[PDB]
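Position in the sequence shown (from 1) plus 703 gives the number in the numbering used here. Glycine included, every Cβ here is placed at the ideal spot set by N, Cα and C.
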Amino acid sequence: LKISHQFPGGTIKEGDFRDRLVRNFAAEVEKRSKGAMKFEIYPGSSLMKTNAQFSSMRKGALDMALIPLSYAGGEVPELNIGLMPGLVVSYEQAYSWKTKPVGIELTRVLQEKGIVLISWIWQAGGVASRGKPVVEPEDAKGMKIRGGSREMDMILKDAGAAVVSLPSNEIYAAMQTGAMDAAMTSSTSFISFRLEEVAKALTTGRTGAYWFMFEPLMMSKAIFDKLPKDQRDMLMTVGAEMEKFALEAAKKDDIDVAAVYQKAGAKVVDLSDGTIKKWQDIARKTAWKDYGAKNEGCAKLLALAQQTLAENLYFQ
């Protein structure tokens, strides 16, 4: 079975946690299945381009991939929820989605489009800038910035930025060549794409973040459904186990990224609660409106996601 992703390749012990994750997944499924299932890992878009992975899975042309979900928001607008500030406020709350109505609905929508959710993965982010740190939304005014998704970019546009769309594996080159002023991506990516080589400032997620992206490990439903039940169950069981690994790895990178950039000479700053709320309040007026209005499926997912915000405040 092939597993494709856009991130740098490494080993089980060392590298981009997403690459490590899928190698641990493969290794554990292999161990448990005793050779019945074997895997081949294709990092760094070595199998196919980043934007071809999702559709290939849907068609059964690609077995598995780990991809930012919202990259597919153009063909399936519902998926734009994968990066949309204000709906996710913490890792605990974001992972809680899985068994709640919002996660059940997201899973249902993906199944209808030919996709199985193997591991939930959420990642906090930040902003790297070729000049001043981008901290407050108003800092984006007049800058050209890659937000990472339609809905992140709708917020940036409101703030007066010009926005640029590209997959994160293309950030390094775009920053290098001055095609943009700043880029948002995950803590892990800031490290693995070596963006300290092409920026002077980093705004981290150490004291919280407004940017959280869903980057799940997924599998073609056409392929998954043809496998024997015992193998299907094993993929799902091991898949769920990977989520604790992703949780711990993303949090560690949220911290470690700061030291990487400091040692490289960058100006490194964090986000206050007040600043984070400013970005989330703009999201409600812009992104949430754009998303909810797109189709009834989006409206439904937005409503269900909002319940998890209330649960986070009012339940224990």
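CB contact flag (residue i, residue j, <7 Å)
i	j	result
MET883	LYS847	yes
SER773	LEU782	yes
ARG987	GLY712	no
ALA961	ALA904	no
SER707	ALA768	yes
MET921	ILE818	yes
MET937	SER736	yes
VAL971	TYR964	yes
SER868	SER892	no
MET916	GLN983	no
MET855	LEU786	yes
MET887	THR989	no
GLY845	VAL866	no
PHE728	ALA952	no
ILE926	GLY763	yes
Cβ-Cβ separation, residue j to residue i (assumed contact under 8 Å), whole Å
i	j	result
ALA831	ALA730	With a Cβ gap of about 33 Å, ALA831 and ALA730 do not count as contacting.
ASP842	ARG909	About 18 Å separates the two Cβ atoms, so there is no contact after all.
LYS705	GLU743	5 Å
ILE821	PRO919	7 Å
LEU974	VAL792	12 Å between Cβ atoms; not a contact.
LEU950	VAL805	Between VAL805 and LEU950 the Cβ distance is about 18 Å, and since that is not below 8 Å, they are no contact.
Closest by C-alpha distance to residue i, when choosing among the options
i	options	result
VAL812	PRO780, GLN796 and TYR794	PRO780
residue 1022	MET937, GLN826 and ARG897	In the structure as shown, the chain starts at 704 and stops at 1019, and residue 1022 therefore has no counterpart that could be examined.
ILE979	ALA1013, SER923 and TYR913	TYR913
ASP959	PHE948, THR907, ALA996 and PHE917	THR907
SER889	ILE874, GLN934 and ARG723	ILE874
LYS947	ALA990, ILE824 and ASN872	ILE824
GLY977	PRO840, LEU930, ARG849 and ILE926	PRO840
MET760	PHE720, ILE715, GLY718 and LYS816	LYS816
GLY829	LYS954, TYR994, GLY1000 and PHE1018	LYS954
Chain C within 7 Å of residue i, Cβ atoms only
i	result
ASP842	In the structure shown, chain C does not exist; there is a single protein chain.
* May I have a chain-ordered list of the alpha helix (DSSP H) segments no shorter than 4 residues that lie completely inside the segment 853 to 938? => 853 to 861, 874 to 879, 890 to 895 and 924 to 929
* Jot down the residue ranges of each uninterrupted alpha helix (DSSP H) in the segment 753 to 803, minimum 4 residues, whole runs only, in chain order. => 756 to 761 and 794 to 798
* Would you say the segment 1010 to 1017 touches the segment 791 to 801, given that touching needs at least three Cβ pairs under 8 Å? -> yes
* To do: With a floor of 4 residues, list each alpha helix (DSSP H) that falls wholly inside the segment 948 to 1005, ordered by position along the chain.
  => 976 to 988 and 990 to 997
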